[PDB]
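Visitor: Here it is, the structure, as structure tokens.
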Amino acid sequence: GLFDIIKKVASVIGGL
Amino acid sequence: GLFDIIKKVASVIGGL
Amino acid sequence: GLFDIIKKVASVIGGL
Amino acid sequence: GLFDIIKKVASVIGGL
Amino acid sequence: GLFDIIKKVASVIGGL
Amino acid sequence: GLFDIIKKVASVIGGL
Amino acid sequence: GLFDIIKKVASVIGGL
Amino acid sequence: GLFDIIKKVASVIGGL
Amino acid sequence: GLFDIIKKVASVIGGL
């Protein structure tokens with residue numbers, strides 16, 4: 001498109 | 001399109 | 001379209 | 001109470 | 001309470 | 001058996 | 001048996 | 001409380 | 001058996 005954002009993420013977090 | 005956002009996410013979180 | 005947002009997410013959360 | 005245990009868990013296991 | 005245990009866990013295991 | 005394959009897998013993928 | 005395949009899998013995918 | 005334990009964990013294990 | 005393959009895997013991929 002004109003202003004594309006593609007964001008892909010995956011995470012393991014040990015507690016917040 | 002014009003202003004596309006594609007967001008894909010998957011996560012494992014050890015407790016909030 | 002003009003202002004598309006596509007969001008896909010899947011998660012495993014160890015307790016809130 | 002007096003002797004509280006709160007346990008929350010969620011998991012993905014690739015086969016036992 | 002008096003003797004609180006709070007346990008939160010989430011895991012991905014590649015086969016047992 | 002004779003020609004055994006045992007495959008166990010589990011995964012978190014942040015978007016394909 | 002003779003030619004056994006055992007496959008076990010479980011996954012979380014953040015969008016295809 | 002008096003004797004609090006808070007435990008939060010999350011893990012990826014490549015096979016046991 | 002005779003020709004055993006045992007494969008165990010688990011993974012977090014930040015987007016393909």
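Visitor: Note down the magnitude of the dipole of the protein assembly as shown about its Cα centre, charges +1 on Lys and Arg C-beta and -1 on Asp and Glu C-beta and zero elsewhere, to the nearest 20 debye.
Guide: It works out to roughly 0 debye.
Visitor: Any chance you could check the Cα centroid distance between chain A and chain G for me, in angstrom?
Guide: 26
Visitor: In terms of modelled amide H atoms, which long-range or inter-chain residues lie less than 5 Å from the amide H of I:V12?
Guide: It is F:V12, by chain and number.
Visitor: Next up: Treat the count of other C-beta atoms within 10 Å as a stand-in for reagent exposure and order D:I13, I:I6 from fewest to most.
Guide: I:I6, D:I13
Visitor: Related question: Can you tell me the alpha carbon radius of gyration of the protein assembly as shown divided by the globular rule-of-thumb value 2.2 N^0.38 Å?
Guide: Here the answer is 1.40, to two decimals.
Visitor: Along the Cα-to-C-beta direction of C:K8, a point sits 7 Å from the Cα; which residues of chain F have their amide N less than 12 Å from that point?
Guide: F:13-16
No Cβ is skipped: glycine too gets one built from the backbone with ideal geometry, and neighbour counts run over all protein chains shown. Read-outs: derived from the displayed coordinates by stated rules, not from any lab.
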